[PDB]
């Protein structure tokens, strides 16, 4: 009865026509200009990609198909007896643009339980990895190795006509999302619970719940945290490193497994998703140097020392946002509800009063406000997940939802190879005169 693939079959042709006519009328309309500073500046400020699933406003923050986080919290189906949105529903919304029914949501949950199975070569590789190999590296290498199972790769090799690419992309997308929690849980267990097993998928539970059971957590509030975490980390428009990387790579017709693994190597950068890990490590050194209950003057000194040493303060700043990330606020609210007296949470709250002021004073950051990474691990730590080097993997699992949602659309719409022109400093000086 419910079948997202059939729903997409109807939606594709209409969007295709809509875009066709618009481009007919406005393809040559200019939307902006390119300046020297933007080229040297990592395209900061350049409108460069079409990405359908979410759009970020610099002041208001992210919108998923037009809905803000608070709206998602309110509109998306929850677990029975739950308060947090199920990521399955968010996936539905991103892919279709429509809020799903709980019946639609449960089908996604069953579909994902049904497709979760790892091939042995992958299992063996994970099991043979050394404990000093970072969790993100183990995750990316496993996803890359799963490409032997790609249906898009196989169909492409068979010569399928380009109009059908989306269909195979959708299958690999659904299968990769289904398998991600098993890959992730397996790395968790091998590294931190050696000799134990992830167990089996219960076709009757939501994806976050099967994930937390494979991780070994029983707290019901932890399951709630997971549902929220996985929903909010899902997508952040297309120009963020991980999403842009999946987009660019997939544009060459690399399969979804290869596109997602490349994205993960981008998420593992300290200026991107690895910040979630870095925040915790900075905080632990904080509490170690200054010890648990610090004074404001002492926190400032600590912050200044980081800045003075040629390092960034993790968890603050943003390439597009210019105000406090609603994702940080949404986490703060969860903390205030569930772990209001945790000392680490209290520390994170105190830095909110300090850090922005120091950054402002330093005068370099364009956005002195906190971003999502400043508040994520604090939550995790409270529930017993103290392995900070593993935090980015969870962001990785979440991010698959948004990037894979968009990837289906890129191929449905026929987006071509992403290939901008580059320039050398010498060539550019000549183009202008020099300086």
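Residue numbers count along the first chain shown, from 1. Note that the rigid core is defined as the largest set of C-alphas that superpose within 1.5 Å between two forms.
Engineer: Please indicate which stretch deviates more in 5 other deposited structures of this protein: 175-183 or 306-314, judged by C-alpha RMS distance after a core superposition?
Structural biologist: Of 175-183 and 306-314, the stretch deviating more in 5 other deposited structures of this protein is 306-314.
Engineer: Comparing 194-202 with 261-269, which has C-alphas lying farther from the shown form in 5 other deposited structures of this protein once the core is aligned?
Structural biologist: After superposing on the rigid core, the more displaced stretch in 5 other deposited structures of this protein is 194-202.
Engineer: Which is higher on average in the deposited entry, the C-alpha temperature factors of 284-292 or of 171-179?
Structural biologist: That would be 284-292.
Engineer: Averaged over C-alpha atoms, is the B-factor higher for 408-416 or for 13-21 in this PDB entry?
Structural biologist: Stretch with the greater average CA B-factor: 13-21.
Engineer: From 238, 97, 135, 195, pick the one with the largest CA B-factor in the entry?
Structural biologist: Across 238, 97, 135, 195, the entry lists the biggest C-alpha B-factor for 195.
Engineer: Based on the PDB record, which member of 252, 155, 118, 185 exhibits the highest Cα temperature factor?
Structural biologist: Spelled out: the listed residue with the top C-alpha B-factor is 118.
Engineer: Just say lowest, middle or highest third for the CA B-factor of residue 36 relative to the other modelled residues in its chain.
Structural biologist: Within its chain, residue 36 is a highest-third residue by C-alpha B-factor, going by the deposited values.
Engineer: When the modelled residues of the chain are sorted by Cα temperature factor, does residue 114 land in the lowest, middle or highest third?
Structural biologist: Highest third, going by the recorded CA B-factors of the chain.
Engineer: Among the modelled residues of its chain, does the C-alpha B-factor of residue 149 lie in the lowest, middle or highest third?
Structural biologist: For residue 149, whose C-alpha B-factor we compare with every modelled residue in the chain, the answer is the highest third.
Engineer: Grab the CA temperature factor for residue 59 from the record and place it in the lowest, middle or highest third of its chain.
Structural biologist: For residue 59, whose C-alpha B-factor we compare with every modelled residue in the chain, the answer is the highest third.
Engineer: Quick check on the deposited entry: does the C-alpha B-factor of residue 386 sit in the lowest, middle or highest third of its chain?
Structural biologist: Within its chain, residue 386 is a middle-third residue by C-alpha B-factor, going by the deposited values.
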